[PDB]
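Rule-based calculations on the coordinates, nothing more; no lab input. Cβ placement follows ideal geometry from the backbone for every residue including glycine, while neighbour counts extend to all protein chains displayed.
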Amino acid sequence: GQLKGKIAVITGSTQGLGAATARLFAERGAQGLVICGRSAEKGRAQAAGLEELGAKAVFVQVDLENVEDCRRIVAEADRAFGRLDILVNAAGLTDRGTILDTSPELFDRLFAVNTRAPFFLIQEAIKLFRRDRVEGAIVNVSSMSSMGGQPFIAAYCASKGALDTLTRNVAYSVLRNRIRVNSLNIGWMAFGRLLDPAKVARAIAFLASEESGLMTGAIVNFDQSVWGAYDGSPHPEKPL
């Protein structure tokens with residue numbers, strides 16, 4: 001019942017968190033889902049799975065580094081369903097590198113998928129929300145690393161900090177539109193365990209649904225850790 005009648009785009013949805021999210025959305029009555037990713041086969045398999053749960057599903061084969069592919073995703077929601085209600089930016093790359101050895105190519109892929117793709121998916125979703133007078137809801141999946149984070153993922157952490165800033169900027173800009181933009185800042189996914197995507201999906205659904213009311217611009221930490229809290233202040237064992 002919770003997402004009855006709703007049309008959603010969810011990225012990173014051929015597997016992992018995006019697929020878990022799409023499955024939950026269908027289980028909760030989503031009318032139409034646009035899913036996307038690189039693998040045609042996994043995409044086709046997920047779409048048929050979503051249909052058996054009750055959602056019309058469209059799969060879009062994409063490379064999120066390509067801004068035109070980003071635009072096509074949202075175009076496909078309009079093509080198939082004529083409207084959009086929800087965008088969930090759940091795709092992400094987690095390529096590693098330190099400040100010393102990260103290549104420009106690696107830096108650029110991280111920003112392209114983790115920051116630029118959300119930017120242009122958000123751009124397109126808000127154009128549909130405005131056209132059809134929809135109180136849209138956007139959920140960005142960011143990271144616990146977004147404040148500063150770990151030396152082995154320098155560029156990755158920066159790409160997520162950019163996303164948090166963007167979440168707040170966009171939320172502010174569309175306040176009077178009643179378009180809501182919130183972030184869920186997650187730990188590492190599958191005591192201490194890797195996070196369960198099915199439970200993460202539940203938090204996303206909250207933020208994507210009427211249950212979170214007017215909430216917008218929130219940065220919601222989701223992890224068994226707490227920014228600025230510790231037993232002793234963290235520091236490296238060795239010089240870099």
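Structure above, values below:
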item: Residue that is farthest from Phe129 (Cα to Cα), among those in region 72-111 that are among the hydrophobic types (A, V, I, L, M, F, W, C) and assigned to a loop (DSSP other than H, G, I, E, B); result: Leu100
item: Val170, sole failed condition from (1) of a type in the set (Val, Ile, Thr); (2) surrounded by 16 or more Cβ atoms within 10 Å (Cβ to Cβ); (3) closer than 11 Å to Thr115 by Cβ; result: (3)
item: Scope region 1-38; condition polar (S, T, N, Q) and closer than 22 Å to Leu194 by Cβ; matching residues; result: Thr11, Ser13, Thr14, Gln15, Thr21
item: Conditions (1) crowded, with 19+ Cβ neighbours inside 10 Å; (2) within 18 Å of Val113 (Cα to Cα): number failed by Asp164; result: (1)
item: Given (1) within 24 Å of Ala137 (Cα to Cα); (2) surrounded by 14 or more Cβ atoms within 10 Å (Cβ to Cβ); (3) in contact with a helix residue (DSSP H, G or I) (Cβ under 6 Å, 6 or more places away or on another chain), number of the condition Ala155 does not satisfy; result: (1)
item: Matching residues in region 128-145 - criterion: being within 15 Å of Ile7 (Cβ to Cβ) and surrounded by 14 or more Cβ atoms within 10 Å (Cβ to Cβ); result: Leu128, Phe129, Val134, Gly136, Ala137, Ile138, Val139
item: Every residue from region 215-240 that is of a type in the set (A, V, I, L, M) and part of a loop (DSSP other than H, G, I, E, B); result: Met215, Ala218, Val226, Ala229, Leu240
item: Some residue of region 56-64 being farther than 25 Å from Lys127 by Cα, of a type in the set (A, V, I, L, M, F, W, C) and either buried (at least 16 other Cβ atoms within 10 Å of the Cβ) or over 16 Å from the mean Cα position of the chain (by Cα) (or both); result: no
item: Count - residues of region 14-61 that are among the basic types (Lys, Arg) and over 26 Å from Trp188 (Cα atoms); result: 2
item: Filter result for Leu240 (more than 21 Å from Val113 (Cα to Cα), of a type outside the set (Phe, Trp, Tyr), in contact with a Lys or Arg (Cβ under 9 Å, 6 or more places away or on another chain) and loosely packed, with under 12 Cβ neighbours inside 10 Å); result: no
item: Some residue of region 41-63 being assigned to a strand (DSSP E or B) and closer than 17 Å to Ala201 by Cβ; result: yes
item: From the options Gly149, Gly161, residue that is more than 13 Å from the chain's Cα centre (by Cα) and outside any helix (DSSP H, G or I); result: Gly149
